Structure formats: structure tokens, C-alpha cells
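# Descriptive analysis of the structure
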Amino acid sequence: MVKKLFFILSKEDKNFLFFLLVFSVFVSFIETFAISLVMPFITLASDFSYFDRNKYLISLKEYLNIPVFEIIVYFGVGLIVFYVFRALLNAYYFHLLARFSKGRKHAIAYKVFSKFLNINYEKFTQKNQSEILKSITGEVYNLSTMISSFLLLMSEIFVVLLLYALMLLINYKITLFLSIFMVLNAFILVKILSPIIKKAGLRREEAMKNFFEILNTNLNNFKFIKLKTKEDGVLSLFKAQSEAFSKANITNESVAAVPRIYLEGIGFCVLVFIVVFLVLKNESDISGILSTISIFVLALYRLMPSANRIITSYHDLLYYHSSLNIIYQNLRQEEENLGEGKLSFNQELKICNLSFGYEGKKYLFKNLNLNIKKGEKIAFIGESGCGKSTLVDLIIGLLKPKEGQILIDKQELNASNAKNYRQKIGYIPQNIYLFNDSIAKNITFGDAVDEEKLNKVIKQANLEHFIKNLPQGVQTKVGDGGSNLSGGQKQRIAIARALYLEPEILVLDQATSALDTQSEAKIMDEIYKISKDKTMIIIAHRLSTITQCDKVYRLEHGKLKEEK
Amino acid sequence: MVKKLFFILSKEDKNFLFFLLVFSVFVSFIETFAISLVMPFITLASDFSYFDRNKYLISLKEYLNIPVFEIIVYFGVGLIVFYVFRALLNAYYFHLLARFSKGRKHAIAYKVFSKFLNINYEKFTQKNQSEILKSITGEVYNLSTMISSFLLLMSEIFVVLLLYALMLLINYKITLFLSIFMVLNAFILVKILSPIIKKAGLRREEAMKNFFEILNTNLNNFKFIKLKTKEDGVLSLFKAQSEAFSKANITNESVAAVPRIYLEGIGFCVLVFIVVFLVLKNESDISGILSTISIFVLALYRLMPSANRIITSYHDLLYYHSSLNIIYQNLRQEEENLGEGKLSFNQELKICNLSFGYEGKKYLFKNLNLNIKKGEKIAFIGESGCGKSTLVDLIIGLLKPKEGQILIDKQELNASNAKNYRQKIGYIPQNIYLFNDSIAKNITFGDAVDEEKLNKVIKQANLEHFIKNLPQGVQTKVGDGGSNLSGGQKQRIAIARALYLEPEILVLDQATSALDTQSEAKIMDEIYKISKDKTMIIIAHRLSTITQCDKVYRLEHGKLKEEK
Amino acid sequence: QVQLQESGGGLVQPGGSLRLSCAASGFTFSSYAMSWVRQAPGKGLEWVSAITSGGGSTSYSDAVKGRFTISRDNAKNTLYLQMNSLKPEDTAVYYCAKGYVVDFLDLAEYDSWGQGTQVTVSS
Ligand SMILES: Nc1ncnc2c1ncn2[C@@H]1O[C@H](COP(=O)(O)OP(=O)(O)O)[C@@H](O)[C@H]1O
Ligand SMILES: Nc1ncnc2c1ncn2[C@@H]1O[C@H](COP(=O)(O)OP(=O)(O)O)[C@@H](O)[C@H]1O
């Protein structure tokens, strides 16, 4: 299952993964030596009580220079450089963890967004956007923190090992009683409480669902609630379900606190018991072993979050991990459209027996036929969600037809020339969603700039009377989609964005549904003038907004009728 | 600002608040007693001779005890009994806190949800659902978890008060050094790291929105992305924004880890200092003062989460707190409709010059005239945004008009009888939002059971041939909005739900939009036959569905023309 | 539920100072750029000034150029506008509006409104 990991990471990503793995081991050796460095220093300081017992001062300090109180201070500041050094080195390690995790958050997510951009429009249509968005930004945060949790896990299990080795290097019955008492505490909390952690933890997820769902549902029938006027039948189901949500939630916040509270009374008991074994058993080394009792203290102080993070990354390697890496390939190994070829449009746009519906949806057409000569300016009158936008999705390069040909100058519209065919069409989606940046980038759609191609477009899209009064001019921040741009201002910008492509076919797609009565016809004429040199397809949800359209195709229940 | 508190909470919520706050003070004495029980037990475990000296430990030595080693062991189990008692004690305290917080998460949200359910229909229309939803379950969530933080804060500052006082009794120079060293580390970290925590932490909130908005904008323009074909212009604005979001996130999760990593070096250095400083000073009682080292160890080990929970509750008392309490006097003290009277309907529903607009908008009508006789079966033909549902919501008891009479048998529809007139109308929404419960509860609208009238409702809503194939039948948990229920069967419940009200006027409101003509025509024919004994206002969105409609009022752009 | 209420412009003789304060509610005040407009007696509408989200880029019109200085206070959620000298047109009641109201179509939008302060400063 590990083979799916190396498939995503590259040389700037893989080499960084190894650096953290070695540093995870080295940071462990740094912590151990930082602990072990207390033992000599505090042996010599505690050796002052027993005067002289071993060659540790009067019989050891006389090997370099200086007196006793000077070598105990120098050893003291020697302890505090190593600890400030560690405090910086351990901080740098926890910085490389974030630099690698959040750097892969970008390096990985940069490609999945391209994958869902290259799939056919039908494959982007079958899955909703509230799912693809999570497929290109939700999975990456989980994988990044999972690899970081994996590297931090290696650092920790290493810290635990060699620090336990340092404890075993000191005492026998204690480190034995300590290891036994530690693994006894690793139990119960992981086998009797950890099940109840989710036994009352997923019942809280059950209760939160049972509360949010009936709360959102209750707000929708507010009209029907005002008609009923009696809210008793609704609040008698709300108070009992909220009270069902209440205790199902308090049992989660109770069993999530028992482990640490019990671990505190334990930690106290395993602490004072590290003492009751030293004074009773006659290893009474006022400095030899009283130094080591401080080593057990510091070791435990470095060991409590040491054991906590292991279970944290363990749950992170089960909650995440195997459920994230598999979907990754499948979503990024996904297939994308491949076609090379050109096509020319000078005569008419034959359709030739389309017959189409979505993947698992019924056929909203069946033997749908029409043709569009250059410059007809046709329309598509329909009943909303019946098959207008579906048919126009078929006319354009999107949606490969079932039994259709869609001829262009007696030449079929297929994947070879659909790439070049998609270039000469704008969209202008009336309720156009802009991104918070300059309107110039919103017209160019980010594809750099061309200035000599923007002023003419703005002048044609009747935005010239709009750029003058803006504070930053063409550089003013558009503010999300609209906000700073009202509906028809977004229309003019959408028209400008389409005109910037220098197209030959323009499609409206309900371009009159998000405006007032006065703002529609002016924009429609402002489009009719700049479409005199072009063609046009209109998906009007109403009649008389097309009038100047020489063709009016009304799609009913599968068949295409013609009006004006 | 504290006066806003007692207005919401009652007497029980005050007896329980004192229950928690006195416990908050007492749990500090239990911890200190659990720590202060160590120094005697350890000063007697080491120096056995204390059990035949001092006016405190002499006679108990020869009261059933016999030797000295037997009583010190007894003292040990007495401590672990106290520590298991203390662990159970703290588990009960942290059990009442979560019971009070998640208890007020229900008690408050129940009142706020009841308040938003009884306001006028116009006040509920102006604000979106996610705002109200978070106003009745997100705001309650923050205030609930805030009160517990204040209690825990006072409990916490208390345990720091008497644990620091217990340390002062033990030592003079050591506690003084620790306090100076603490308030030196309480400084620097709160004024040098804390700025960069938010200087790179609220920059994260900045970069996250600036990274999501340009990503979520591209998904809505995926159609135009396929047309442009070139993604380099989209990815040159994505890679440059992501390489900025990358570093903007690595520095946040780094500076949020600088404290505790520097804190480790602090904890290490303040430990070996204590024992070295206490081993250089010649108070070496072998046990008298070297046991006090263990009290300092247990005191600090109890003071690390002690310092963490104080700032956690202080952040909870600033991040939330003042932003929640004020917005409840402005959410709970909300005003609601009045009136107490009855109304009768038997002749005509004269509208007579409606003219209506919302709070601060324009008027969609300006003189709108019609009249509805009992049993006229009228319809409203308009556009997708003209005001088709507005006029009908004006005819019925909803929507207090600006200049409209809404006469009912030459009697005015006002607040005294709007309740009674709302009682005699049923909505039957086509895209009905069902709740995951038995279909009987769905039809009753939660108003308990009623097999008498309710059994007749199923026979009227022609669900009987669908209840038969249903596994649980009338008690079938419908399965959220629409599990195995097709669109037509959802409509049958929509009719059944309003039929249980025993109404007099039936609304439809776009009862044709998302179902094939057949699966709806069978429902539309069912409607016209069961509407003979009542009146009905249809807000049809498409034509040919109002064949047998005797009246068809078409509202254009302010005036009302009549069709069939 | 966007509801704005500006109230700080009374009749004071020309050649002096008059700062109007527009209060806003119902939206993130900082993310939205703001503007000003006015409706003349008998005439349709007429634009005044504009400003960005950060308040670091200003805009005015030729009939009021070099006369006003616009400031944004993102603390009290208020949009100020200093005024000096009044013409038989600087009267049309300055409302507030939300985003960029400046073209001849996005003016027919009730993005704010709210009473208003009449400032008919004649000779
Ligand atoms: N993005 C989508 N994902 C899934 N189903 C869709 C999507 N868009 C449309 N549909 C379904 O396809 C049918 C046709 O939709 P649409 O093409 O919008 O109709 P029209 O062409 O009349 O606008 C609808 O009934 C809808 O349920
Ligand atoms: N649920 C809603 N939320 C916000 N605004 C609404 C809502 N319903 C209507 N409006 C506003 O009221 C106006 C009237 O629309 P509406 O009454 O929905 O017409 P119809 O129902 O005939 O499409 C619209 O311009 C819209 O801005």
C-alpha cells in the first residue's frame, strides 16, 4: 500500500521527505543527550554534600585548571547553551515539518486542480462542485498533515526508545516497575475508554446530525408554520430531539476527559513512587543516584507529550492515511481529453440527428436537428431545465453526442477538431462569478494582457463610460463576483470578457434573468450591435427579448419547434 | 454589561452556576491537599525516626501498627486512595461543566429558535438561512462554551493562587526565583511571540480567503475554461497566489510552535536549577528538603496545564464573550405579531389596488386590482422573478402590505384576524422539504397522531397504493428529503401535509418545474378534482397546466392583465 | 437585509464645511468598496464619489473635483464625505449605496437607501 505514496512526490518533494526522517532521528538523539547531560552536572553539584566520594571534583576537576565552584558554574552554563541550542534546533525541526507539509499542500494540489480541469465537461458535470472542490483542496490538507504526522511519529517513537534506553542505563527495578506501570496505563485507556470515546463520540455525530437536520428542515416550512400558526407539533419534536442531542453530547465530553484526568492521578502516583524506592533500598548515593532521580523527572517531562503524540499520529494514520492515498491516484490518474486537429466554419452548422441525454438521465432530445448559417443570431426558448442549456451544451464543443454528428461545412464535430472549435465562443453567464481582482484581469481571464485588444473590447462592450469614474480605473478591485459591480455591470464585463477572445459565435445562456426591466433591452441592443459581425445563440427564458433574432427555436418535450 | 445575563438564565440556571463556581474553588483545595499530602508521606518514608518524636507522630505508632515499615506502606495506599479519589473527583467536576455547557446549548437554542419561528414573515425573508442557523446553533455554541471558560478561569486562577501559596510555605529563595523566572517568561513570550502569532495568523485568515476565492471562482467558470482552452493564464494567477499562500501558512504553524518548544528548554532549566540550587545550599536534611523538590515537581507539573487553561479561557473571554452576549438582547428580545380575533370567508377576496414592496426596495406593483370569489380556482402567470409568489403571499395572511386592503367578505385582514385567516390556508410546496421520520408525522406536520382525520388524508392524497408497497407503510421513515420516494410521491405528501390542516385556500407556488409532464400531469389532474369544494391560488411557472382554471391573472410589470 | 442609514447633512449656508456620515449594517463593511449618489429635483440620478476596500484609492467627478475628500472608517462602519461650497445642484440628497454605483444602469439599484439628509443650500 506504500507504493501509492512515491507516485505523487517528486525530487523537490522526496528529498525533503528524507531530510525530515533523518532529522526526526537526530532530534531524538539531541533530546536524549540534553537529558543525559544533566546527570554529570547534577552529580557534581550533589557531590558537595558528601564532600568527596569519587573522582568527581577534588580528584577530577584538577585535570584542566580553575577551582571547584568555577567548574560547576561553567558546567552550568554549559548545560544552558545546550538547552537553548536544543530549544532552537527542536524549533527548526518543527519548522521543517510545517515547511514540508504545507509545501506539499501546494505542490500536490497544483496538479489535481489541473486534472479536474482537463476532464470532459460531462465528467465535470456528473459530480457536483461541492465535491470536486474537496477533491482538489480537502484531500491535500489531510495527506500533508498525515506525512507530517508520520515524520513526527518517527521522531517521537525514536525519542521514546533512546530515552527509555537512558533510563534503563540507570536503574533496574524502577525502570521495570515504570515500564510495567506505563504499559498498564497504555491499556484500559486504549481498550476500555478508547472504545467508549467513539461509542459516545459517534453518537454525538449522530446527535449533531439529528439536531442540525431537523433544525434546517424546520426553517424551510416557516411559511407553512405561519399558516399552521400552531408550533406545538414542531417544538414538541424539537425539544425532545435537542434533549436527545444534549446528553449524547455530554457523554462525549466526559469520556474524552477521563483518560487525562486518570493519567494525572497516575502520573502523581508513578512520580512519588520513583522516590519511595530510592530511599528504602540502600543505594543511598547522595550524588550518584540522587542525580539520577532528576533524570527520571526530566525524562518523564519529555515523555508525557511523547506518548500523547504517538496515539495522535496513530489515529491520524487511521482516520486519514489509507482512506486518502487510494482516492488520490484514481482522481489524479483520471483520463483527460486528447485531440489534435483544426476545422473551418464559413457556411452552416448542421446538427444532423443529435439524440442526447446526460449519462444516467433520460433523453431530452432524440433526433434533434437544425442548422445555423454564419450570422443567423438564433434563440432557444424553453421551459427551464428541459433541454435548452443541454442542447446548447451539445452545440458547443462540450458533451460528445450519442448518435449525432453536428456538421460544420459538411464536416463532423468530433474530438479531433473540438479543441479548435471551442476557441471561437464566449459565454457571458449574466450571473457571472468574478474573482476579487482588477476588472482587466477579469476581462482577459488572467491570460496576461494585450491592451491593444482590451480598449477596443471595452469600447464595444460600452464600458468606456464606466472605466473613467473608477478610482483605480481598469485596475480597481472587482470585489468577489459582484458586490462592487451590479448585475448589468457584470453583464458588460462578461460581454467584454467574451469579446476579448475575438470570437465568431456568442452564446448567452439565460442572459436576461438577473436584471431589472430597464437594464435588459439596452444591454441586448449593445450586444446586437457588436454581434453584427458575428453569430449568436440565445437561451432566453422569456419571449420578445429576441425579436431581432431571425430564428427562434423553441424546445418543448424532446422536439425542437421554430417560432419567428 | 452583566445585566444581559440574568435576563436569559432563570433560577435553576443560577443554582447550577453557584453549584459549579463553588466547586471551582473547592477543586483547588483538593489538588493542593493531594500535593500537600506528599511531603508528610515522603518525609516519614525516609526518616522512620519521626514516628517516635514530635507532638504529632508518637502514639499512633503503637496503635495496632507494631513496626514502622507497616505504617508507611499504609500511608502509601492512603495517598493512592486519595489520588484515585481525586481522579474520580476531578472526573465528576469535568462532568458537570460539560453538562452545564451542552445543557445551555439546548436550553438557550430552544428559546432562540422559538423566537425566530414567531417573527413576522417579512423579517424572516430578509435574512438568509445560514445566518439564522448559526444564530440559533453557532451563537448558542459559543456562549455555552464561554460560560464554562469563565468558571474554569476562576477555578484555574484559584489553583494557581493556593499552589503558589503552598510553594511559598516550603521555600523562600526558590519560589522567589521561580516567580521572577516565570514573570520573565510570562513576559517576552506574551509581547514578542504573541504579536507574530497574529501577524502571521490573521494573515492566514487573509491568505486562506484570497486562495479559496480565486479557486472557487474558476469552478463556476469551468464552461469558459473549456472555451479558453489555455489554462496558463489561470495557473499563472494560481501558482503565484499559492506560492504566496504557502509561506503565509508555514510561518503560522511555526510561530504557534515556538512557545512550547522554547517552553521545554525553560522547564528543563527551571528543574535542574531547583535541585542544584537546593543541593548547593546546606539545608541537606537528606529528606527534609530533598522531599520538597518532589512537591515543586508535582506543583509545576500541575501548573503547566494550569497556565494553559487560564489563557485558553482568557482567549475564550475575548474572541467570543462580548461578541455573543450583546447579540442576544438583539435576538431574544425580538418582537412578534399580536392580535386576538376571528375571521370568516364566504363571499369574495377583493384585493383592490395592492401596491407592494419590501423593506427598503422599490414597488413591484403600483395599483394592482383583482377579486377572488370562493371557489374561483385562479392562477398567476408571470416570469421567474417578476413577483408571482409575492402577490399570492399577499392574498393569504402573510405579508403585511403597504397600501393593500386584501378584503375578505368586505372585512379587513389585520393582525387580530391574520392568525385565524392563516389557519384556513395550506401551501403544498412542490419541492417539499421532508424530515427523516414516519410519513404519518410528515402529514401531521408533527401535530401528534390523528388516525380519525389522518387515515382519510392518505385516502385523499392517493398514497394508499404507495403505502402498500412501503415496508413500514404509514410509519415508514421517509428517509430525509426523498429516499426511495419519487418526485410525484413527494408531491402526494405535500398535498397530504396541507390537507391535514383542513384549510380553505390552497396555494401551489411553482408546482411545476422538476418532474416529467406525465409524473406531474397525474398530480395536476388530481389537484383540479379535489379543489372543487375550496378555492385555490396557483403560481404556475409554465403554461397549459391551468386548463380548467376559471381565472388567470397575469401580472406584468406593475399592472395586472387578465388571461383566461 | 442590508440597511444603511446616513444622517449628518443639514442646511448651512455655502462656502463652509459639511461632513456626512453614512452608517451601514448587514455585510462585511471592509470587503465592499463604497460610493455615493444623489437624485436631483425632476432629474434622474447623478453620481458623486467612490473609494476602494482599503481606502487607499479615491475617485471623484468633474463637477465636484477638487472640492471633497472621502475617508473610510472601517472601525465604526461609517463612510464619510467632506463637502465644501454648494451649487444649484449640490442638493440632490446624498444617500450612500453599496458597491460601485457609477454607470447608467447600476444606479437603478436599492443597495442601501435609507431616509437621507436634504441639503438644499441656496444663495
Ligand atoms: N451539473 C449537473 N449535475 C447533474 N445533473 C445535472 C447538472 N446540470 C443539469 N443536470 C440535470 O440535467 C437536466 C437538464 O439540465 P439543463 O441542461 O440545465 O436543462 P436545460 O438544458 O433546459 O437548461 C436537469 O433535469 C438536471 O436534473
Ligand atoms: N428567498 C429569497 N431570498 C432573497 N431574495 C428573494 C427571495 N425571494 C424573492 N427574493 C427577491 O424578491 C424579488 C421577487 O422574486 P420572487 O418573488 O422570487 O419572484 P418569482 O417567485 O416569481 O420568481 C426578486 O427580485 C428577489 O431579489
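- The record names X-ray crystallography as the way this model was obtained, at a resolution of 3.9000 Å.

### Examining the interface of chain A and chain B
- On the side of chain B, 128 residues touch chain A, which itself brings 122 residues to the contact.
- Overall, the association of chain A and chain B removes approximately 11900 Å² of surface from exposure, summing both partners, and the carbon and sulfur fraction of that is 71%.
- Here chain A is connected to chain B by eleven salt bridges.
- When the shortest N-O distance is used, the salt bridge between B:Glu253 and A:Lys102 registers 3.5 Å.

### Quick notes on the UniProt feature "domain: ABC transporter" (unreviewed entry) in chain A
- Using the residue numbers shown here, the UniProt feature "domain: ABC transporter" (unreviewed entry) corresponds to residues 349-564 of chain A.
- The span residues 349-564 of chain A is 27% helical and 9% strand by assignment, and the distance between its end C-alpha atoms comes to 19 Å.

### Overview of the sheet that holds strand β1 (residues 5-6) of chain C
Residue and element names in this part refer to chain C.
- Across the sheet, which stays open at both edges, the four strands sit in the order β1-β2-β7-β6 with antiparallel pairing between neighbours. Each edge of the sheet is formed by a strand with only one pairing partner; in this case those strands are β1 and β6 (72-73).
- Bridging between strand β2 (residues 17-23) and strand β7 (residues 78-84) involves seven bridges; their strand directions are antiparallel. Across the sheet, the residue bridging to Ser21 is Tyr80, located in β7.

### Overview of the relation of the copies chain A and chain B
- With an RMSD of 1.5 Å, chain A superimposes on chain B once it is rotated by 180 degrees and translated 0.1 Å along the axis. Those values place the two copies in the arrangement expected of a two-fold rotation axis.
- Comparing contact sets, 93% of the residues at the interface of chain A also lie at the interface in chain B, consistent with an isologous, same-surface contact.

### Thoughts on the sheet that holds strand β5 (residues 553-555) of chain A
Residue and element names in this part refer to chain A.
- Across the sheet, which stays open at both edges, the six strands sit in the order β2-β3-β4-β1-β5-β6 with mixed pairing between neighbours. Two strands in the sheet have a free side with no partner beyond their single neighbour: β2 (425-426) and β6 (560-562).
- Pairing of strand β3 (residues 505-507) with strand β4 (residues 535-538), which is carried by three bridges, proceeds in the parallel orientation. Among the inter-strand pairings, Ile505 is bridged to a residue of β4, identified as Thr535.
- Sheet strands in contact with helix α14 (residues 388-395) are β1 (378-381), β3, β4, β5 and β6, and its direction is about 145 degrees off that of β1.

What counts and how
- Residue indices run from 1 on each chain, following the sequence as it is written; they may not match the entry's numbering, and residues absent from the coordinates are omitted.
- All chains are assigned letters beginning at A, and all ligands numbers beginning at 1, according to the order in which they are written.
- Calculated side-chain values reflect all of the structure's heavy atoms, with hydrogen atoms and water omitted.
- Contacts are assigned to residue pairs that have any heavy atoms within 4.5 Å of one another.
- Throughout, buried area stands for the accessible area (probe radius 1.4 Å) lost by two parts on being put together, summed over both.
- Every case where a carboxyl oxygen of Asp or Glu lies within 4 Å of a side-chain nitrogen of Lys or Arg is listed as a salt bridge.
- UniProt positions are given in the numbering used here, feature names are shortened, and annotations may be inferred rather than shown by experiment.
- Helix and strand definitions follow DSSP, with helices as H or I runs of at least four residues and strands as E runs of at least two, each counted in order from the N terminus.
- A strand pair is defined by DSSP finding two or more bridges across the two strands.
- Copies are aligned to one another through a least-squares fit of their C-alpha atoms.
- Convention adopted: a line fitted to C-alpha atoms gives each axis, helices being fitted over their contacting stretch, and angles between N-to-C directions are expressed from 0 to 180 degrees.

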